[PDB]
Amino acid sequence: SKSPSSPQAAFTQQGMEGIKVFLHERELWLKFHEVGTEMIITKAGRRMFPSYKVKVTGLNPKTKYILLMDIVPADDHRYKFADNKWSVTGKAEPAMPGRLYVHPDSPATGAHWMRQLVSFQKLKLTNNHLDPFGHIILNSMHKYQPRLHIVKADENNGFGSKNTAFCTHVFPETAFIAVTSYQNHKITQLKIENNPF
């Protein structure tokens, strides 16, 4: 497994700088990344595989935090897959402001979040731009970067103030191309032989 040519990046407001995030099963992610990761989108919605899970440290144990995820474009291109290669075949079709996925345990104390793995498996991806279930909407054959966001409560431990602050974190190895069906046989194979079932 190569490492991604892009550094991990993070944007952090004061009060968040002690926090650290660790990608669960990073090597597994590196293998898909190496090949070029694809995620299937349907009208009903598909969960991601591999699923995005993180261990968090450095949270204030009884400050309240909101954990959420969004999936933003990584570039402005359409792609096609021919001759076992991804090529740029034109300009990305600008779309929705990205929806959020909020972790269902939010709001919660740092103690709660640090106690185990924050998992986002339940997050679903659709191609339907009229989705009525608040699923994340994506464009087939476009590249996307998942982002972690952590929101901290204020002194009264309650959001709605301007004394809230956030971490934003990006693992490059979790980037992927959305697809209505798999293109690279290696992706299709990695998923069958890593299928946790």
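Don't overthink the numbering: it's just position in the shown sequence, from 1.
When 152-160 is weighed against 125-133, 152-160 comes out higher, by mean CA B-factor as recorded in the entry. Remark: stretch with higher mean C-alpha B factor among 47-55 and 161-169 is 161-169. Among all modelled residues in its chain, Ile19 ranks in the middle third by Cα B-factor.
Ranked within its chain, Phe81 lands in the highest third, by CA B factor from the PDB record. In the PDB entry, a CA B factor belonging to the lowest third of its chain's modelled residues is recorded for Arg147. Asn184: CA B factor lies in the lowest third for its chain, per the PDB record. Looking at the C-alpha B-factors along this chain, the one for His33 belongs to the lowest third.
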